[PDB]
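Heads up: the structure comes next, in structure tokens.
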Amino acid sequence: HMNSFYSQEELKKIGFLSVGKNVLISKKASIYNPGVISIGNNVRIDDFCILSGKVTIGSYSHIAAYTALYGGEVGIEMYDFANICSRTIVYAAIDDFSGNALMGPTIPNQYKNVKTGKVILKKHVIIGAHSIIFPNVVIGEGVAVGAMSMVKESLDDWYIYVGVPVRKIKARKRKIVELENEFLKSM
Amino acid sequence: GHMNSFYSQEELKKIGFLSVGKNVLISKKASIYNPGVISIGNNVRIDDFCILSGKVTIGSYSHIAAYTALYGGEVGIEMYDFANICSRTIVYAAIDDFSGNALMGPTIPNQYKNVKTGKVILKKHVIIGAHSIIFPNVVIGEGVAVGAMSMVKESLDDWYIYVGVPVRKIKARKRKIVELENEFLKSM
Amino acid sequence: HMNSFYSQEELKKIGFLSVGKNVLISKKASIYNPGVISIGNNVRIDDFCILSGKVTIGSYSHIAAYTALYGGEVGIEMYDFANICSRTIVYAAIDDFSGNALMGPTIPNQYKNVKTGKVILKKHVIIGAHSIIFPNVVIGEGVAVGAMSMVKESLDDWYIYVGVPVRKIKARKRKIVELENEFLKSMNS
Ligand SMILES: *SCCNC(=O)CCNC(=O)[C@H](O)C(C)(C)COP(=O)(O)OP(=O)(O)OC[C@H]1O[C@@H](n2cnc3c(N)ncnc32)[C@H](O)[C@@H]1OP(=O)(O)O
Ligand SMILES: *SCCNC(=O)CCNC(=O)[C@H](O)C(C)(C)COP(=O)(O)OP(=O)(O)OC[C@H]1O[C@@H](n2cnc3c(N)ncnc32)[C@H](O)[C@@H]1OP(=O)(O)O
Ligand SMILES: *SCCNC(=O)CCNC(=O)[C@H](O)C(C)(C)COP(=O)(O)OP(=O)(O)OC[C@H]1O[C@@H](n2cnc3c(N)ncnc32)[C@H](O)[C@@H]1OP(=O)(O)O
Ligand SMILES: Cc1cn([C@H]2C[C@H](O)[C@@H](COP(=O)(O)OP(=O)(O)O[C@H]3O[C@H](C)[C@@H](N)[C@H](O)[C@H]3O)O2)c(=O)[nH]c1=O
Ligand SMILES: Cc1cn([C@H]2C[C@H](O)[C@@H](COP(=O)(O)OP(=O)(O)O[C@H]3O[C@H](C)[C@@H](N)[C@H](O)[C@H]3O)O2)c(=O)[nH]c1=O
Ligand SMILES: Cc1cn([C@H]2C[C@H](O)[C@@H](COP(=O)(O)OP(=O)(O)O[C@H]3O[C@H](C)[C@@H](N)[C@H](O)[C@H]3O)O2)c(=O)[nH]c1=O
Ligand SMILES: [Cl-]
């Protein structure tokens with residue numbers, strides 16, 4: 001009732017492709033295929049998350065509770081200082097909604113029409129709570145997506161976007177760049 | 001436990017479903033309440049952190065993705081074959097009156113509430129997009145797709161795509177899947 | 001496959017600052033720092049709930065499944081007959097989104113700009129499913145917010161609000177206060 005994280009010792013036994021230091025991962029998260037999951041330094045992953053398939057997270061990243069990263073074979077990668085608020089989903093693959101294909105894991109591949117492509121969250125990206133990131137997009141450096149937003153296309157750097165699907169509403173301030181440098185120097 | 005969280009077939013048998021078919025993959029991390037009123041057909045996968053509570057009937061060739069709640073209550077939620085539900089969806093067969101005419105929820109005796117109930121049926125080939133909510137007494141017509149983050153309070157016409165809160169019809173669903181279903185069952 | 005609630009024996013082992021009678025808490029919920037968590041009578045908290053930090057719940061309240069109450073230091077408080085539909089998040093603190101500050105628990109405080117403020121849900125508040133309430137917000141007595149709502153500012157009493165962010169759409173009926181009084185009167189005589 002203080003925390004649910006793995007000890008450093010249990011972390012080493014998971015079998016991650018790579019795992020940094022100061023990594024706090026909830027025992028109530030699910031991790032599938034850990035040998036294609038890579039995690040940098042100073043990363044917290046909270047209860048009821050799902051990481052499945054190829055996922056790469058850098059350093060100084062919080063993946064908050066309920067967040068699903070479905071990396072599949074193509075991968076999701078997050079750069080340093082990116083953070084995801086609770087209940088986000090990032091899909092690297094999704095079925096065709098149009099009616100031109102059967103759907104999902106109970107059906108053989110030949111009848112489906114999966115949209116897939118690597119998803120990247122660049123440095124300083126923040127994803128607002130209850131958001132969905134669809135496949136084959138890059139969320140630009142310093143981009144903020146508001147809560148309950150839906151993204152289907154790559155997003156231009158250093159803007160804040162809101163809505164379903166998102167629209168640009170204003171520039172993201174770049175003082176965090178200054179602070180990153182100040183912070184890193186301080187160490 | 002880093003490959004999958006599903007029950008073995010011998011484990012499923014011990015849950016005590018009204019009926020459960022073959023090639024059924026149900027996460028040990030999902031919750032299942034009143035399994036004696038739940039039935040599940042063949043080739044079904046239900047993922048981590050789902051909840052199925054009360055009367056839920058699922059056919060064959062269906063994925064209920066992670067975090068989905070199917071609150072069937074006493075009236076029931078029914079999905080037909082080839083229906084699927086994306087992550088984080090909720091389907092309610094019963095909900096409390098929000099007007100201010102009634103008290104609300106499970107801590108309150110029934111005489112003070114005014115629960116709206118009605119079966120929710122998803123017909124063949126329905127797909128429900130992620131983070132959606134379906135409310136009681138709604139028939140989601142054959143082949144309907146509902147987009148992500150959509151809210152459905154009324155029945156939806158067959159073979160159309162709907163989006164928004166609450167949903168609006170935006171374009172017809174293609175029906176190539178009907179051929180595909182036939183070609184796939186014919187392969188078997 | 002009947003229910004996931006802690007027995008009364010298990011509950012007493014949790015360590016709440018205060019917990020009342022007829023408290024039904026899912027063992028599949030997460031409770032962090034129960035020492036600052038107070039719960040009244042006739043409360044139900046479902047599977048995959050998270051309660052973390054300073055949370056005070058009154059009586060006749062259902063916290064439905066997936067709901068997360070991040071009370072932090074400043075606290076989240078719910079008055080009696082308040083209820084929260086599934087998959088809501090209530091934040092008593094959040095990071096600055098603007099780009100003026102670094103973010104999240106991996107960064108020291110001096111580089112962040114956290115907004116914080118007590119969040120209060122008054123009597124008879126209902127929060128629709130899949131909603132978010134932000135910090136420093138008082139949800140007025142009898143307020144309903146609809147499904148998928150986002151609330152960043154305090155809400156005036158006895159109205160229904162919907163949308164992201166919410167707008168006031170209609171009055172909420174007050175018959176519920178007459179029912180509260182009827183209900184409580186029957187418990188007494
Ligand atoms: S990690 C903990 C989780 N934190 C969060 O999820 C925080 C998310 N914050 C937000 O979604 C904010 O609302 C942001 C995106 C930061 C915008 O806040 P601002 O204060 O910068 O802007 P306004 O509130 O003035 O709104 C600007 C226009 O955008 C609409 N809008 C704001 N937020 C959203 C969301 N999330 N979804 C849809 N629309 C949103 C406002 O209605 C406003 O629209 P106009 O058309 O200009 O009125
Ligand atoms: S099972 C794993 C999870 N998969 C999903 O949740 C997939 C959900 N897919 C979608 O929500 C798509 O956006 C769908 C519904 C398939 C629509 O995509 P289309 O490519 O057919 O259409 P457009 O992107 O051109 O959009 C048409 C109009 O509808 C608005 N819109 C699209 N999607 C939504 C949602 N989910 N919610 C509200 N509105 C939505 C677009 O803004 C566009 O609007 P106009 O007003 O016509 O410009
Ligand atoms: S605890 C179990 C979970 N229960 C719930 O989440 C129930 C939530 N209920 C709702 O969200 C209802 O839609 C409420 C808010 C009670 C409104 O229902 P009403 O029947 O009173 O109102 P209408 O359907 O006539 O809608 C009024 C206007 O509001 C728009 N709207 C309704 N609901 C929403 C939500 N959730 N989000 C955004 N907008 C919403 C309708 O489109 C309508 O708009 P107009 O511009 O007036 O047409
Ligand atoms: C959400 C969640 C929390 N926890 C545990 C570990 C966390 O350290 C603890 C608190 O997490 P939280 O997200 O509720 O709060 P945090 O946002 O970490 O903030 C906390 O630490 C800060 C440095 C202080 N400034 C805050 O006042 C204190 O609330 O609970 C888990 O173990 N798993 C979880 O999923
Ligand atoms: C989401 C989830 C996943 N898992 C386990 C079992 C799954 O078989 C495995 C991966 O599931 P997933 O949803 O991440 O991915 P799937 O949609 O099953 O897809 C995967 O298999 C396919 C046949 C291949 N075509 C894909 O490239 C590979 O990603 O993880 C669970 O045990 N429980 C879960 O809730
Ligand atoms: C959502 C959830 C349910 N459960 C268990 C406990 C509950 O008694 C049971 C059913 O809960 P539910 O939320 O599906 O349904 P309820 O809203 O409790 O409704 C039901 O029970 C009432 C006493 C009756 N008055 C109703 O007619 C019957 O449908 O499942 C859990 O143990 N944990 C959970 O998170
Ligand atoms: Cl969730």
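Protein chains get the first letters and strands the later ones, always in sequence-line order, with residue 1 at the start of each.
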Would the distance check show the side chain of [X] and the main-chain N or O of [Y] forming a donor-acceptor pair, the cut-off being under 3.5 Å?
X	Y	answer
B:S19	B:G41	no
B:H131	B:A148	no
A:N41	A:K21	yes
C:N3	C:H1	no
A:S38	A:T56	no
A:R87	B:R88	no

[X] atom [atom1]: more than 12 heavy-atom contacts under 6.0 Å:
X	atom1	answer
C:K27	NZ	yes
A:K115	NZ	no
B:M3	CE	no
B:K13	NZ	no
A:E153	CD	no

### Message
What verdict does the side-chain contact (heavy atoms from CB on, under 4.5 Å) test give for B:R168 and B:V163, after you've listed the backbone C-alpha separation in whole Å, the side-chain angles of each residue and the deciding distance to 0.1 Å?
### Response
CA-CA 6 Å; B:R168 69 182 189 273; B:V163 299; 3.9 Å; yes

### Task
Quick one: sort the B:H125 and B:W159 rings into parallel, tilted or perpendicular, breaks at 30° and 60°.
tilted

[Y] side chain reached by [X] side chain, heavy atoms, under 4.5 Å:
X	Y	answer
C:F97	A:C85	yes
B:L52	B:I58	yes
B:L180	B:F82	no
A:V164	A:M148	no
A:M78	A:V125	no
B:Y162	B:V152	no
A:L102	B:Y61	no
A:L17	A:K54	yes

What heavy-atom pair brings [X] and [Y] nearest, and what distance separates the two atoms?
X	Y	answer
B:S132	B:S150	OG-N, 3.0 Å
A:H62	C:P105	ND1-CD, 3.2 Å
B:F49	A:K28	CZ-O, 3.6 Å
A:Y79	A:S61	O-OG, 4.1 Å
A:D46	A:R44	OD1-NE, 2.8 Å
A:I50	B:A66	CD1-CB, 3.5 Å

### Query
Which residue, A:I89, A:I127, A:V145, forms the side-chain contact (heavy atoms from CB on, under 4.5 Å) with A:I84?
A:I127

### Query
Checking side-chain contact (heavy atoms from CB on, under 4.5 Å) for the pair B:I133/B:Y92: CA distance, chi angles, key distance, verdict?
CA-CA 8 Å; B:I133 298 169; B:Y92 283 111; 4.1 Å; yes

### Message
Before you tell me yes or no, could you show the steps for B:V144 and B:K123 under side-chain contact (heavy atoms from CB on, under 4.5 Å), namely the whole-Å CA-CA distance, both residues' side-chain angles and the distance that decides it to 0.1 Å?
### Response
CA-CA 8 Å; B:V144 163; B:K123 290 194 167 152; over 6 Å; no

Quick check for you: to the nearest 0.5 Å, what is the distance between [X] atom [atom1] and [Y] atom [atom2]?
X	Y	atom1	atom2	value
A:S154	A:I120	OG	CD1	9.0 Å
B:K153	B:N137	NZ	CG	13.0 Å
A:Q110	B:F184	CD	CZ	8.5 Å
C:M103	C:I94	CE	CD1	8.0 Å
A:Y32	A:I37	OH	CD1	11.0 Å
B:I134	B:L156	CD1	CG	7.0 Å

### Single hit among A:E141, A:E77, A:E180 for salt bridge (charged side-chain N to carboxylate O under 4.0 Å, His left out) with A:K123
A:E180

### Task
Give the intermediate values and the outcome of side-chain contact (heavy atoms from CB on, under 4.5 Å) for residues A:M150 and A:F134.
CA-CA 8 Å; A:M150 189 186 65; A:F134 279 122; 3.7 Å; yes

### Message
With no hydrogens and no angle check, just 3.5 Å: does a side-chain donor-acceptor pair link A:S59 and A:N42?
### Response
no

